[PDB]
Amino acid sequence: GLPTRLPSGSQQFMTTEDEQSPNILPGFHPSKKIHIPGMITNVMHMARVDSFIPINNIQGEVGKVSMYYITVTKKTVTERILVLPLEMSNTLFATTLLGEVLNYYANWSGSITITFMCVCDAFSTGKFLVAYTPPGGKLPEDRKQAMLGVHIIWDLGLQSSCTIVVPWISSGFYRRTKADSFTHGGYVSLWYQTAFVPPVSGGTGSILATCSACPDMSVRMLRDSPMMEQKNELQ
Amino acid sequence: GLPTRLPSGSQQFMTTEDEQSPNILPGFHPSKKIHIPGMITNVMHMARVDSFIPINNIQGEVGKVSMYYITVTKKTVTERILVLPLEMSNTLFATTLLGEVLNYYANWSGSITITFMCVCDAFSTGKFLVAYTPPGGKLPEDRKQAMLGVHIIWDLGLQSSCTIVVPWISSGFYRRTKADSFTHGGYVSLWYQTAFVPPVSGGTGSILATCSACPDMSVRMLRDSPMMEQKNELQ
Amino acid sequence: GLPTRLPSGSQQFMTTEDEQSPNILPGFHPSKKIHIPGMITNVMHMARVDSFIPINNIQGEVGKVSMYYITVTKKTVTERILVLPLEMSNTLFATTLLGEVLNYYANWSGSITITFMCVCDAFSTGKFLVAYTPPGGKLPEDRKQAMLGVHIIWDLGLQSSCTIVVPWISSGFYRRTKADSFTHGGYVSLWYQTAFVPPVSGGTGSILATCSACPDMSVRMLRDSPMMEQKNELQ
Amino acid sequence: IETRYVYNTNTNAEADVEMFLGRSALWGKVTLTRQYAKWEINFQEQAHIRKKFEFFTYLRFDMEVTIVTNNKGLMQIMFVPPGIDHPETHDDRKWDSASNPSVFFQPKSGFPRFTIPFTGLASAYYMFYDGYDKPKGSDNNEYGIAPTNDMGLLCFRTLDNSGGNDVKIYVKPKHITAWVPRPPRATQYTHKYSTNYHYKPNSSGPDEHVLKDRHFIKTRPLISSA
Amino acid sequence: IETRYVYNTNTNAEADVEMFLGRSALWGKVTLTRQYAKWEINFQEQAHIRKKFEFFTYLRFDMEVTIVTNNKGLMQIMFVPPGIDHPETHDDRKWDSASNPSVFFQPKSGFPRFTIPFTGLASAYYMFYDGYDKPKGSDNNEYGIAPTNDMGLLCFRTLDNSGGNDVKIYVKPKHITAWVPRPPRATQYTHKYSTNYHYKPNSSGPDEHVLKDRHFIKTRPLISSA
Amino acid sequence: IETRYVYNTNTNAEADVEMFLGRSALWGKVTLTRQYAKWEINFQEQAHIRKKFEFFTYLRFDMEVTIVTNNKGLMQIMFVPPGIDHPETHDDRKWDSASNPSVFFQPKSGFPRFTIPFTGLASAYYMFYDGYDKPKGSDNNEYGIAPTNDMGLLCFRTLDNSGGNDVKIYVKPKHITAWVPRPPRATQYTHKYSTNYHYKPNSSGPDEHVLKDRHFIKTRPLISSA
Amino acid sequence: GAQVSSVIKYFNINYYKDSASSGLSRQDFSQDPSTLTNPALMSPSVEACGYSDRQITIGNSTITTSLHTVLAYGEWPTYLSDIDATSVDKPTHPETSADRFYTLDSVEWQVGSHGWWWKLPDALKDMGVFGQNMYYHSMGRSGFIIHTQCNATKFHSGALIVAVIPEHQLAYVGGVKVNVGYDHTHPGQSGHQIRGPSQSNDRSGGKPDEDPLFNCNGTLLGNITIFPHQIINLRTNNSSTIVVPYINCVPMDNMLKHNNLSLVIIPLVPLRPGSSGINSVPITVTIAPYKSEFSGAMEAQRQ
Amino acid sequence: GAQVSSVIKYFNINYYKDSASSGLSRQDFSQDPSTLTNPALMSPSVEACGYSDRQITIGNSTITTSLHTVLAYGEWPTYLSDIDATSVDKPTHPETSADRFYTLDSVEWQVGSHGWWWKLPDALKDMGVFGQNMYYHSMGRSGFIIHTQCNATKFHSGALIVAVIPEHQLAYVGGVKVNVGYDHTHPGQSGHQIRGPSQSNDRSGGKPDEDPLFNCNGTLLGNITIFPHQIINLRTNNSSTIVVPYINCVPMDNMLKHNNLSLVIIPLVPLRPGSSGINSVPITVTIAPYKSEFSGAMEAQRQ
């Protein structure tokens, strides 16, 4: 009758295709849909929520709650307190809401948002330099080379100055989630602007850090997250 | 010619599908359709018709007409006369028009309607408490714990008070036909409000019970009724 | 249902066909398209660009930069300096932008454009006869038989007279790219009109030649260019 | 042309007689031994589909028949209308018929399907018929619905033997009109076309003639303790 | 009729829950040994697809099931709705069902596909359920989502044995509605329907009862040197 | 709806970059030995199709992939997006993926075809890239277009062994946008991702290290005598 | 193709051009949208449609009782009219001579009495000029009015189920495959006393099933309420009335071979005497042919 | 077929005539075209919708603190209303007698204290006439207001995470396949002190997981911020308030069997005394049932 043709890719079965299918159980009446609080229509809105970065992950501290905070004390000369190499495949970011939404997608774009929170007493005071070195730069090794990039001065007694927004600085339009020398995104490092001055000598600070996506974050090419592995069948 | 594609589920044969088919015997003229009394367009309207519950089903009484009625006498203290655990898979309900329409469907909703009828002489009189304990409650064990649920006082000499309407009280929207602890529907029990007083000491009452669906009863997911089994071929 | 028919050539797979195909990776967002200089929408526009003909290709000169230029001196009698047999399969043309675009196509049409450029000092002067003998004619062997075809007098000290436009003179509408006696396109030869007169006896001229397509050039029937061969796998 | 709105689903649309009986179920199994098989069309054989039609005293429906075979290579089905002789074997001259409708198929291509409209002859099918075909004194009286109709029969042959012998006939009542409702059957069928429920388990030896109901009612230890 | 404009792609359209979960993934593998196979429908078995549904506390979705088999010649699938007994073997009388929906196919023709609408009974599926089916004193309490539903089961038989035994069930959540977001799981699943992550590697001999987390966090030599 | 007039053919419509590069050509061959095969997607392997893309410095195109296999009975292809680990064998647990797109087919039914849109990450593909991925002092610097992208890879397994082992991947650039024109290559490729033309014929013994151009220019006895 | 002459439209199309080739049947609408009970079942009250047709008197015989009449399938009996009829031949209407109340032999209702049934029209075959018109005509159709009347005192007790089963097909008394005999399912006016169940019940000549619980056909009592029925409770009412139209697929059938109704009376609860000494009470049945039609006159089919 | 009732149009068509047979779901438009954040997540400030509903006083008990209240999922608690409800039966609203602040046993926060959790409604089961209405009713729904208050001096240090997890399903303490016991996940008001992790933790009777880092369910802390939460930093604020609506698939559930919330309090950074000598500080929790509804009254489900 009608001259149809079946091209290549007709009798194919593609996992990712979109096709209508016959309904077994016809006339079945689905139970009514009430109003449940918290509907989420998109999985990037999970990446938008702050989540603590395991900034202390070392031999002893991994697997414990102490893996989330860094100890700062008063020191005579500036030191480099912390370095957060910017990759969504790295344990620092990969284990957060941001990084573990982005490890389903093969590359991304937009700005990271990194907030710091110091847990100390009310009498302590400090000035910290938070510096993002763009792609292509070395990790600074001293504060005079860290200050020449993007940086903010995080001052205690404000907590409006905590958040640094890692800008999007890239050649290409997207950055690969898996760290590689071509697209590598740079380094966020933490320094002592002045000092952490406790109310009494020998005092101790404790620093936490969070990461979330900025509204211009975007991702593409959904894939298998490295963040799950099944080595034996579930029974 | 025209680029058609055959997706998955094309050359399938699904028992429950809906498809047009060629007519063998074309031009065949069906015999005319007259008016036959009693047309039934839906099988829930059978469930709407009262049908006697085999409320007495025990070792001796099953298989006989006496399986449909309970004997009540005058007793000094209240007793629990009868318990009808509310399940459509239970021999009590499963064998009625209600229960055996509902055993084709994997779960249901709406109200049961239970009517009691006492067969005695005209001089006997009685007050009965008919109590439905909702899902999650224990079977009462005494009348003071039965009265705290849904209940009606069924009085002889009225026969407007016979029917208790089992309300629909459930968490989910549907209740599984096969009894399970999660959806279990509760218990209808019969008690002596006051007494069954015969016209002469030693008198005897006889009680029958019916069950039908309420107009808001609904069912879904047609399945194989447990109420038929073929263990050998019919010849 | 609908009476479709599958003719012959339905389940075929044709390399050169045109058909829509399902998109693996749906919802994938391509990176934005910026403005890159130099867009080329058609491959004939490469054939339009002048390119040097390897007019000196002989035992010693092939593989070196000296393969592109001819030496002319002052001679008492006219000589035939150069012959460019007109074929797009010939090493002369086949290796240029013109000829190597046209070796993908099984036949062509239109006018070739041949420009000559003399590299000498400013004091040298010369008159050259550039003659195209049409299809069917012998290669001239002397200037009086070369002048009777299409010809131009290329004079140094002008460089407006360099370009000869090989006209399209053919029986059929198209000419086969691979040289054959039936469609053969003729001969462009270079002669001494008068002489190449150096500023001092013993002087030496050096002549280069380019070829490009004219705007009425056309090609058809894309094929495998003889200009590439893979004799072993690339690893 | 017409755009014919209906709905997605309504509440009890599972339960209307069109959807209740409108699933294609197996009405019989035959085997191709000798390359020939024959099945007289009836719903009496399969107890589950038989129980559903017997909620109703009268039904008027089309049926579509779908043949599921594990054989291969080619097959013929012949629908033999009533009142003539069907082919008794393969290679029977009666497989050549100018008139009797037949359907060829190659089982590996698809499942053959056709439709038999309502043949009932009575304006509806009797599920239960309380009367006899022959008059009073007649010697052999068939009781019940057996004389009231015959829906034909399906003859099967195999032109290329190849694979398995097992044929399955799935039919779907469609365009159903059901009339007088009846109680669901409480007991396992012991025969075809017969409404009798007494089983008669044994044959050969002693303890014969004790027979069972085979009903679905089961007991409980105490009333009031449930 | 209606022309329904959408777009080609938007920025994060990769990430919306419809596209995130809207790929057809393997929810279970069975083997046809004896010609029979059975699979209770769940996503608990495969850790990768299980981890994605568990970003969300509640899901409401249709599912379409696609059966990829290396067997040949013919097959039957029977979707057994809850609350009845499924066929326990091939050649089981319960493969003849007037009602239970079933699908025949010949694996060399195509891949069979059907749709199971939302059966949840609760208005959404519980991915995580913090409560028990039975009351307090009850002796056997199932904890979690196991009592909250059953999506049915799929019975498989093979009418013509022929090729391989391996069945694969790929299903695609479609028409998804997801509600309460949860942290992604950080640890390898050690059970079904259970949220416990402690592995318990060994059984038979000494050094038993030491058990592992199996998390995905890995260390770095020095903070500040990264 | 829209009626979209074009033409039959125009003069040079053979030569426009859409038709020039718009034929489906073989970009690689693999073998199914062990039932597993793997191919990293590139045009570098086949010298003829490589020479055509290299008239242009930059290309932006979709590609459709068509798999021509002489095997039978069933197959799986898995497109593994960059940045994760592909299945290393058949019967590898990583063939079960909630996310990685994969395509099942039965080679005797048809030829499977899908489309990979433009993944370039740069807004166009580099055919030639004059720069390095790592900075100056870095120890291992990849030169050329190798770091600039990866188009994924295709993993192949066979669920039913049956016939031949030979897979052929034909892809068609479509929706092409080509930018900076370059001279056609005059010399036979000696490597992948590398633009070097020196062949180095021998290895083991003497007369090693003499290497060839392998160009396409051939001589003539006399200028002026042609 | 063809067509024909939460809300989803669809183009109605017959791909195969025919009816009955069409798929399953849904409920159409012409425009967009935007049922629970069937009163025909449930045995209405004969006032639930109209009472103008009804003190009950058919054809020279009187019944004085009629809001408690059940109208079977909510349909009032009526003549075949036309357009539903096969033959054009004008049927005979006997009217008041053959449409009248015929009272049958009373039956003692005792302790242990299992039940009774009568087949119709059969019970009336010897009754009056209705039972004459059966034999002299090929075919016929009739509606009936069954008045069942059992009176005891206020001291007595026990209940009956009076049901009318269309096409009540009896089961053979047990064992092997046998059709019940023509004679045992056509008892006459005396009907059939259900004497079983027992393992000792005689099996010969196709005798019908004696078990009242399974309705003799294998379907439980208590589901017998799906048919038109009344329950006579000696505490409440002494009598019963049921008005059945003509139920059958055919416009007219033989009436000798085909019994299109059955009147079944089952002692649902036994009869217990009170202080009174009366151990048994008569049950009387009075049947009125109503709107009866006969056609195809011949010699009396009587043997 | 059917249909239904850089920019690409498409004809909406159901080839199989049904919903749910349709393909995947996109975002339709009627005419041509020619989103980034969800404020419901991220735990709004209860002023980020409206503050008119709120000095905080429910039902005869007063809290004086309310811009820093987090409104869980940006939804204010409200009664079930209708049309979302299963039963038509009118629920009971106890209002100010059972909707009031119930303060629980304070818990010492020490160095080395791993955390605490309370299940809801369970914690309130013995509290007042809210805890009475649980037992006497089949079902119920309630929204809660959790006020967590821990006060130290300016010399002290350390932070807590106060989070409310819907459907927090505990992991069994290790090894084999066991359901955690009904009793260990229903601790009462005392909640559960997290004493682990260790390899020596007792495994019996289904005891819950003691590891605070994995949230006892196997998901990291620091991702616990996806739930409604507040961080109490003793350098900044001493207290917390969280307003949760009723989260569940069902309109009403049992409240004895199903705990639809969990209040988890984790010492994110330990408690360090300053120059002061105070090594431990009490943490107090005050829960207010809000907009609670009960239906299906019965005998007390109490054992």
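What the entry reports as its method is cryo-EM, with 3.16 Å given for the resolution.

Looking up chain G in the PDB entry gives the name Capsid protein VP0, with the organism given as Rhinovirus C.

Looking at the PDB entry, one finds chain A named Capsid protein VP3, with Rhinovirus C as its source organism.

**Looking at the sheet that holds strand β12 (residues 261-272) of chain H**
Residue and element names in this part refer to chain H. Pairing within the open sheet is antiparallel, and its five strands lie in the order β9-β6-β12-β8-β10. Bordering the open sheet on either side are β9 (192-193) and β10 (229-233), each of which pairs with just one other strand. With five bridges joining them, strand β8 (residues 157-166) and β10 adopt antiparallel strand pairing. Looking at the pairing, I161 lines up with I231 of β10.

**So, the packing of aromatic side chains**
With the rule as written, the count across this model stands at 84 aromatic pairs over all chains. Both rings, one in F43(E) and one in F53(E), keep their centres 5.1 Å apart while their planes meet at 45 degrees; by these two values the pair is tilted. One end of the pair, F43(E), is in the loop between β2 (36-40) and α2 (47-53); the other, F53(E), is in helix α2, with 10 residues separating them in the sequence. Each member of the pair, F43(E) as well as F53(E), is classed as buried. Among the aromatic residues, ring-to-ring pairing joins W27(D), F43(D), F53(D), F61(D), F118(D) and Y125(D) into one connected group. One residue, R182(E), lies across the ring of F128(E), its end atom 4.3 Å from the ring centre.

**Brief notes about the interface of chain D and chain G**
Counting from both sides, the interface comprises 62 residues of chain D and, opposite them, 70 residues of chain G. Taken over both partners, the interface formed by chain D and chain G buries close to 5,700 Å², and the fraction arising from carbon and sulfur atoms is 55%. On the chain D side of the contact with chain G, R4(D), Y5(D) and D130(D) bury the most area, a combined 14% of that side's loss. Residue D28(G) is joined to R4(D) by a salt bridge in which the shortest nitrogen-to-oxygen separation is 3.7 Å. In this assembly, chain D and chain G are joined by 31 residue pairs in polar contact. Looking at the side of chain D that touches chain G, the elements with two or more residues in it are α1 (17-20), β3 (58-69), β7 (125-126) and β9 (166-178) of chain D. By residue number, the principal contributor to the side of chain D that touches chain G is β9(D), which donates four residues. Across the side of chain D that touches chain G, the residue classes tally to 27 nonpolar, 19 polar and 16 charged.

**Here we look at the domain arrangement of chain G**
Residue and element names in this part refer to chain G. Taken domain by domain, chain G consists of domain 1 (1-42) and domain 2 (43-303). Computed from C-alpha atoms alone, the centre-to-centre distance between domain 1 and domain 2 is 39 Å. Residue-level contacts link four residues of domain 1 with four residues of domain 2. A combined buried area of about 350 Å² lies between domain 1 and domain 2, and 53% of that area is made up of carbon and sulfur atoms. Of all residues in domain 1, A40, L41 and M42 bury the most surface against domain 2, accounting for 89% of the area lost on that side. Taken together, the residues of the side of domain 1 that touches domain 2 break down into four nonpolar, no polar and no charged.

**Overview of the sheet that holds strand β8 (residues 125-133) of chain A**
All names here are of chain A. A sheet is described by the order of its strands in space; here four strands give the open sequence β5-β12-β8-β9, paired in antiparallel fashion. Pairing within the sheet leaves two strands with one partner each, and these edge strands are β5 (80-85) and β9 (150-155). When the angles between neighbouring strand axes are averaged without regard to direction, this sheet yields 20 degrees. Sheet analysis places β8 next to β9, joined by six bridges and oriented antiparallel. Bridging across to β9, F128 finds its partner in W154.

Quick notes on the rules
- Along each chain, residues carry numbers from 1 upward in sequence order, and these need not match the entry's numbering; residues missing coordinates do not appear.
- The naming scheme follows written order: chains are lettered A onward, ligands numbered 1 onward.
- What is shown is a subset of a larger assembly, and the numbers refer only to that subset.
- Heavy atoms from the whole structure form the basis of all side-chain values; hydrogens and water molecules are not counted.
- Pairing between two strands is assigned when DSSP locates at least 2 bridges connecting them.
- Under the DSSP-based scheme used, a helix requires at least four consecutive residues in state H or I and a strand at least two consecutive residues in state E, with every element numbered from the N terminus.
- When two rings of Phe, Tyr or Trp (its six-membered ring) have centres within 6.5 Å they constitute a pair, described as stacked for plane angles under 30 degrees, edge-to-face for angles over 60, and tilted for the intermediate range.
- Classification of residues uses two cut-offs on accessible area relative to the type maximum, computed with a 1.4 Å probe and protein chains only: under 20% is buried, over 50% is exposed, and between them is partly exposed.
- Remark: a charge is flagged as sitting over a ring if the NZ atom of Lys or the CZ atom of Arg is within 6 Å of the ring centre and within 35 degrees of the ring normal.
- Here, residues are in contact when the closest pair of their heavy atoms is within 4.5 Å.
- Two parts placed together each lose some accessible area under a 1.4 Å probe, and adding up what both lose gives the buried area.
- Salt bridge, as used here, is a side-chain nitrogen of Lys or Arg placed within 4 Å of a carboxyl oxygen of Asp or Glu.
- Polar contacts, as counted here, are pairs of nitrogen or oxygen atoms within 3.5 Å of one another; within protein the pair requires one atom able to donate a hydrogen and one able to accept it, and residues that are adjacent in sequence qualify only if both atoms are side-chain atoms.
- Only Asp, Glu, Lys and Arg are considered charged in this grouping, and only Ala, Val, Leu, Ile, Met, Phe, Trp, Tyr, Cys and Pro are considered nonpolar; every other residue, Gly among them, is considered polar.
- Segmentation of the chain into domains, including their bounds, is taken from an automatic or database domain assignment.
- Under this scheme, a helix contributes an axis fitted over its contacting stretch, all axes are lines through C-alpha atoms, and angles between N-to-C directions fall in the 0 to 180 degree range.

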